[PDB]
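Okay, so here's the structure we're looking at.
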Amino acid sequence: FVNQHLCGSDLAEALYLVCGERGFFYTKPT
Amino acid sequence: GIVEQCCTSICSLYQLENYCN
């Protein structure tokens with residue numbers, strides 16, 4: 001639904017804004 | 001498929017709702 005497109009940190013963000021304390025693992029650095 | 005569906009396509013929080021520990 002939300003048209004939010006993001007990559008690199010932009011991923012770490014949606015992940016950071018999506019859960020937060022739940023924890024989020026971002027495989028592959030850059 | 002998190003940077004190929006987000007940088008190229010959109011990630012519905014539902015799809016990013018599966019990347020939490």
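As given, the protein sequences belong to chains B and A, one line each in that order.
The entry's author numbering puts the first residue of the first sequence at 1, with every later residue one more than the last.
The entry's author numbering puts the first residue of the second sequence at 1, with every later residue one more than the last.
Beta carbons: idealized from backbone N, C-alpha and C, even for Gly.
> Helix, strand or coil for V3 of chain A per DSSP?
Replying inline: Within the second sequence, numbered from 1, the residue matching residue 3 of chain A stands at position 3. Here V3 of chain A sits in coil by DSSP.
> Three-state secondary structure (DSSP) at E13 of chain B?
Replying inline: What you label residue 13 of chain B is simply residue 13 of the first sequence in a count that begins at 1. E13 of chain B: helix per DSSP, three-state reduction.
> Relative to chain A, which residues along the stretch 12-26 of chain B have a C-beta separation below 9 Å, given in chain order?
Replying inline: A14, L15, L17, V18, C19, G20, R22, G23, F24, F25, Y26
>> Between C20 of chain A and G23 of chain B, how many whole angstroms is the CB-CB distance? I'm expecting something under 8 Å.
In response: Here residue 20 of chain A refers to the residue found at position 20 of the second sequence. Here residue 23 of chain B refers to the residue found at position 23 of the first sequence. Yes, they are in contact, since the Cβ atoms of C20 of chain A and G23 of chain B sit about 6 Å apart, within 8 Å.
> Do you know how far the Cα of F25 of chain B is from the Cα of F1 of chain B?
Replying inline: The count along the first sequence starts at 1 and reaches residue 1 of chain B at position 1. The count along the first sequence starts at 1 and reaches residue 25 of chain B at position 25. Between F1 of chain B and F25 of chain B, the C-alpha separation is close to 23 Å.
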